[PDB]
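# Structural characterization, general
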Amino acid sequence: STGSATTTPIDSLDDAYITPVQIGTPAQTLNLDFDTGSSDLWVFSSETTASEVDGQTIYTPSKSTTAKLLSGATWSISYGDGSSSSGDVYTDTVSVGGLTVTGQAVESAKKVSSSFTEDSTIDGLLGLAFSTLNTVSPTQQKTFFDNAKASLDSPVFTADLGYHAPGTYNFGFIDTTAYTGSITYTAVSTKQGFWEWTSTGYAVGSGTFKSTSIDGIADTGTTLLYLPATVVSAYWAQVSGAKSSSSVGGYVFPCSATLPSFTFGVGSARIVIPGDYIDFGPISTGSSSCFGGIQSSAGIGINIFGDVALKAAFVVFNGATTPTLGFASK
């Protein structure tokens, strides 16, 4: 089997991407944030504290003939940005782009933090990291991908995120029309539960490539590119007037700037992030200070190849017995 679903930016900055997902019988369609940096599929629901729901579409398990309470199971998650959610668990039928999993754990939120409430466009998350990170207790649950894997034509999914435009998540096949040139594959460590890999270096603009190992994670659920302070300083030094602002919470730059590209290495291959992808617009409405899309990972504890990086590539998440990651230009 295979599946193919379009993923759409939630706003004009590509802050996140939403993908429609069918849950239950008859189908209830919710728009979920596919997150290769976590491993819980959780939704706003009929159980979510009323004051914490503001425009989201909710899953109502009592209206699904295939929903079953997973008795005694609870979940609770905290994300890198400080947001969180928690609740109880149902199993139900879940379909993405025509690919169906029966008996998927659907984690129903009883509580969500303010960031979730305030984002009316995101009805929940669908985790695509390794199932070892799943938070369900006392019986850990599998991701949608893990459950689908054996049925897939090939044990893979691909992320093809757009810049200010829709893109695609495919399951079970590689669309050879969706990228240019060849796909370069690179080793993955699953030791921390992430799609963790080592980039071979970077370049700023038309500058020379610096060969240096940068361990980090491929994370569709993180907006920006978070890299070591040395690398980030070298980038922003090429932008007149750019500076790190503790008050704003990172590097800012004059909105009048033209940003240089940023290249990262994948083995001997190179992925080029155009300068425009690194512009996250005014820090506050009407400001002439703009927020940068490359930020320091210092104090996160891990480097993160988030959407800024991934949307410059066609990315293969290969879940074969020994997982790997593939990157192609597009």
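Residues numbered from 1 in each chain as written, not as in the entry; some residues may be left out. Heavy atoms only, no water. Residues with missing side-chain atoms left out of burial classes, pairs and counts.

### Here's the deal with the UniProt feature "active site" in the chain
Per the UniProt entry, the sites bearing "active site" are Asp 35 and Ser 199 in this numbering. Tracing the sequence through the fold places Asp 35 in strand β3 (residues 28-35). According to the relative accessible area criterion, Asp 35 is buried, its value standing at 5%. Excluding residues that lie within four positions of it along the chain, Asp 35 makes contacts with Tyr 79, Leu 125, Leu 126, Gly 127, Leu 128, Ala 129, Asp 219, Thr 220 and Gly 221. In terms of polar contacts, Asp 35 uses its side chain to reach the backbone amide nitrogen of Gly 37, at 2.9 Å. Relative to the helices and strands, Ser 199 is located in strand β12 (residues 196-204). Ignoring anything within four residues of it in the chain, the contact list for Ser 199 reads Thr 212, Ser 213, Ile 214, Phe 264, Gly 265 and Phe 305. Looking at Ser 199, its side chain comes within polar contact range of the main-chain oxygen of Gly 201, at 3.4 Å. (UniProt positions renumbered as here; feature names shortened; annotations may be inferred. Helix = DSSP H or I, 4+ residues; strand = E, 2+ residues; numbered from the N terminus. Buried < 20%, exposed > 50% of the residue type's maximum accessible area, 1.4 Å probe, protein only. Contact = heavy atoms within 4.5 Å. Polar contact = N/O pair within 3.5 Å; in protein donor to acceptor, adjacent residues only side chain to side chain.)

### Section: the UniProt feature "disulfide bond" in the chain
With its sulfur atoms 2.0 Å apart, the UniProt disulfide linking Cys 255 and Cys 290 appears as an intact bond in this structure. Of this pair, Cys 255 sits in the loop between β16 (250-254) and β17 (262-266) while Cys 290 sits in strand β20 (residues 289-292), and the two are 35 residues apart along the sequence. Given a relative accessible area of 29%, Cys 255 falls into the partly exposed group. (Disulfide = S-S within 2.5 Å.)

### Topic: the domain arrangement of the chain
When its domains are assigned, the chain resolves into domain 1 (5-174) and domain 2 (175-330). Here the C-alpha centre of domain 2 lies 25 Å away from the C-alpha centre of domain 1. The interface is formed by 30 residues belonging to domain 1 together with 33 residues belonging to domain 2. Counting residues per element, the side of domain 1 that touches domain 2 draws most heavily on strand β9 (residues 156-160), which supplies five residues. Class assignment for the residues of the side of domain 1 that touches domain 2 results in 18 nonpolar, six polar and six charged. (Domains from an automatic or database assignment. Nonpolar A, V, L, I, M, F, W, Y, C, P; charged D, E, K, R; others polar.)

### Considerations on the nonpolar core
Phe 171, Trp 236, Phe 262, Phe 264, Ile 273 and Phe 327 are the most contacted members of the largest nonpolar core, which totals 66 residues. Taken together, domain 1 (5-174) and domain 2 (175-330) each give at least three residues to this core, which thus spans both. Among all residues touching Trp 236, those that are not within four sequence positions of it are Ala 242, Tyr 251, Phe 253, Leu 259, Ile 278, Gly 292, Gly 293 and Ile 294. One finds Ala 16, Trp 42, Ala 73 and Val 89 within the second-largest nonpolar core, a separate group that totals 17 residues. (Core = buried A, V, L, I, M, F, W, Y, C linked by side-chain atoms within 4.5 Å.)

### Considering the sheet that holds strand β19 (residues 279-282)
Taking strand neighbours across the sheet as the criterion, the four strands line up as β15-β16-β20-β19 in an open arrangement whose pairing is antiparallel. At either end of the open sheet lies a strand with only one pairing partner, and these are β15 (243-245) and β19. Each strand of the sheet is rotated relative to its neighbour by a mean of 40°, with strand direction disregarded. In terms of strand pairing, β16 meets β20 through three bridges, oriented antiparallel. Bridge pairing links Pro 254 to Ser 289 in β20. (Pairing = 2+ DSSP bridges. Axes fitted to C-alpha atoms, helices over the stretch in contact; angles between N-to-C directions.)

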